[PDB]
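Quick heads-up: it's one chain on its own, the form deposited without the ligand, in structure tokens.
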């Protein structure tokens, strides 16, 4: 059972918003342990049974996964006010983490973050789960040596990250997740810059259709840029699988550490 007693949670400052309400940082005091920092998703309209069901299904969605690079569910409080208690990735959003540390993070750390996310995505592809919202804004930082995919509810169009078949035909597969992951890798190697800054979504659709791609980030190893371009194959069958990305990223990471 994962019902948590409300008196064991202390609500802290707001760290984001969700479809159902504000998200807070806080503290959980379990019966046997010292303080555990947690994130608390709140729900304004969970007095309505359909809202409570949809909100608590976000906790059930995370509960089905168990991976070191995907945020974990700690517990839930199912009576009003309804809360979902998640693991807190203390260092916060990946984009601002990379922006602040642009001149202090080694290139090996950036490649490590891409590798870690590829392991989580290979795990999700083994469970036949299609994410649809892979982007640096949906990655959190647990430590300088650990990133995680964020909560799937809070991660929920992102045209600038989407494969052409998803934009145009609403087809969402592991191959369309691979295209998004290529964009996320580009964001990481760009220190948290977003794809296609300033460009209108409709223009991006035509540009990608005609072969334009995001350029090689400064200092990105050419082998890693080559791998990103394979993620952006127009034909989804030509994109690598997540297990292939995981193996290739491990090779690129080792090579960078050896330099």
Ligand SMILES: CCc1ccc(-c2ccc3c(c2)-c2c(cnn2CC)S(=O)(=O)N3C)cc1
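We call the rigid core whatever largest set of C-alpha positions still superposes within 1.5 Å between the two forms. Numbering follows the first chain given and starts at 1.
One more form of this protein should be noted, the form solved in complex with the ligand, which is absent from this view; the next part is about it.
Exercise. Should this chain be marked open or blocked when the ligand, placed as in the deposited bound form by superposing the nearby C-alphas, has its atoms checked against backbone and C-beta atoms at 2.4 Å, with 3 or more hits meaning blocked?
Worked result: Blocked: the placed ligand clashes with backbone or C-beta atoms.
Exercise. Which pick from 28, 65, 225, 232 sits with a heavy atom within 4.5 Å of the ligand in the deposited bound form?
Worked result: The residue in contact is 65.
Problem set entry | 4.5 Å heavy atom contact, residue 160 and the ligand in the deposited bound form | Close contact is absent here: in the deposited bound form, residue 160 is far from the ligand, nothing within 4.5 Å, heavy atoms only.
Exercise. Does the ligand come within 4.5 Å of any heavy atom of residue 83 in the deposited bound form?
Worked result: Result no; residue 83 lies far from the ligand in the deposited bound form.
Exercise. Using 4.5 Å between non-hydrogen atoms, is residue 129 touching the ligand in the deposited bound form?
Worked result: Yes.
Exercise. Does the ligand get within 4.5 angstroms of any non-hydrogen atom of residue 124 in the deposited bound form?
Worked result: Residue 124: contacts the ligand in the deposited bound form.
For this session: Verify the flagged residues 137, 181 and 184 against the ligand in the deposited bound form: is each one within 4.5 Å by a non-hydrogen atom?
Result: The answer is yes; 137, 181 and 184 each reach the ligand.
Problem set entry | Listed range touching the ligand, judged in the deposited bound form by heavy atoms within 4.5 Å, from 104 to 112, 146 to 154, 75 to 83, 163 to 171 | So the stretch in question is 146 to 154.
For this session: Might you check 165, 93, 87, 133 and identify the only one whose CA position changes by 2 Å or more between the shown form and the other one on rigid-core superposition?
Result: So the only displaced C-alpha belongs to 133.
Problem set entry | Note on residue 137-residue 236 C-alpha separation in the deposited bound form, which departs from the shown form by 3 angstroms or more | Relative to the displayed form, residue 137 and residue 236 draw closer in the deposited bound form - a change of at least 3 Å between their C-alphas.
Exercise. Knowing the Cα distance between residue 102 and residue 132 changes 3 Å or more in the deposited bound form, does it shrink or grow relative to here?
Worked result: Their C-alpha distance grows by at least 3 Å in the deposited bound form.
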